[PDB]
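Going left to right, the sequence shown walks through residues 139 to 293 as this note's numbering numbers them.
Quick notes on the structure that follows.
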Amino acid sequence: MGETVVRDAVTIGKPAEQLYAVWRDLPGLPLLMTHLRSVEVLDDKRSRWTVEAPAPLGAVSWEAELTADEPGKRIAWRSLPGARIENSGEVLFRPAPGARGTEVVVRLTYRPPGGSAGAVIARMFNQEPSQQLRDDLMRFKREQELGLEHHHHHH
Numbered sequence: 139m140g141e142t143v144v145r146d147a148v149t150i151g152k153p154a155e156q157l158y159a160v161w162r163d164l165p166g167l168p169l170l171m172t173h174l175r176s177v178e179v180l181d182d183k184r185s186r187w188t189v190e191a192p193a194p195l196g197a198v199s200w201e202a203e204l205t206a207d208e209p210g211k212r213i214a215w216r217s218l219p220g221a222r223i224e225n226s227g228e229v230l231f232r233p234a235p236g237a238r239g240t241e242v243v244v245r246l247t248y249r250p251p252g253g254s255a256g257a258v259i260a261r262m263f264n265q266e267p268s269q270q271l272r273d274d275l276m277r278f279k280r281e282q283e284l285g286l287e288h289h290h291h292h293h
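In structure tokens form, the structure reads like this:
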């Protein structure tokens with residue numbers, strides 16, 4: 139219908155790790171990094187917590203993996219050859235100009251909101267002088283900079 143691949147970048151006061159982690163509740167499992175990981179469970183984009191099954195997708199028919207993960211370089215989302223990801227987008231991280239934080243440059247295709255009026259309501263008092271462009275991605279920045287939890291993640 140109107141699936142648009144928008145390329146823009148938002149700046150939030152988070153290093154990088156928590157920026158791509160925006161798809162989660164800001165997790166804190168530094169145990170599952172590098173090699174020697176048995177628990178390939180993240181739940182972020184789904185996962186199917188099998189751990190034992192051969193291949194990340196060679197069992198559960200529909201599963202999700204993240205094909206790229208770097209501490210602060212670029213992260214590309216995936217959904218494994220089992221489920222076959224419909225979406226596409228690799229997020230890159232660079233230090234924002236003026237030291238305003240980190241700017242996440244994303245080129246991703248997605249479906250647009252039907253009601254654009256939902257954005258303009260914020261103009262009543264938004265306190266966000268971020269131009270009359272990139273409307274859809276601006277609310278994303280707002281919610282990312284708003285969301286903050288313990289770095290260990292406490293639930």
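Backbone N, C-alpha and C define an ideal beta-carbon position, used for all residues, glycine too.
C-alpha of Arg232 to C-alpha of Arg186: approximately 32 Å in a straight line.
The DSSP-derived three-state label of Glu241 is strand.
One thing to note: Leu218 has its Cβ within 8 Å of the Cβ of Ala202. Going by beta carbons, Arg162 and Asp182 fall inside the 8 Å limit. Residue environment analysis places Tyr158 among the buried positions, since at least 16 neighbouring C-beta atoms fall within 10 angstroms of its C-beta.
For a cut-off of 8 Å, the C-beta gap from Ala206 to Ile213 is around 5 Å, short enough to register as a contact.
Around the beta-carbon of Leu195, 16 or more other beta-carbon atoms lie within 10 Å, marking it buried. The three-state reading of DSSP puts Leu174 in coil, since its state is none of H, G, I, E or B.
Listed as beta-bridge partners of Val148 by DSSP are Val242.
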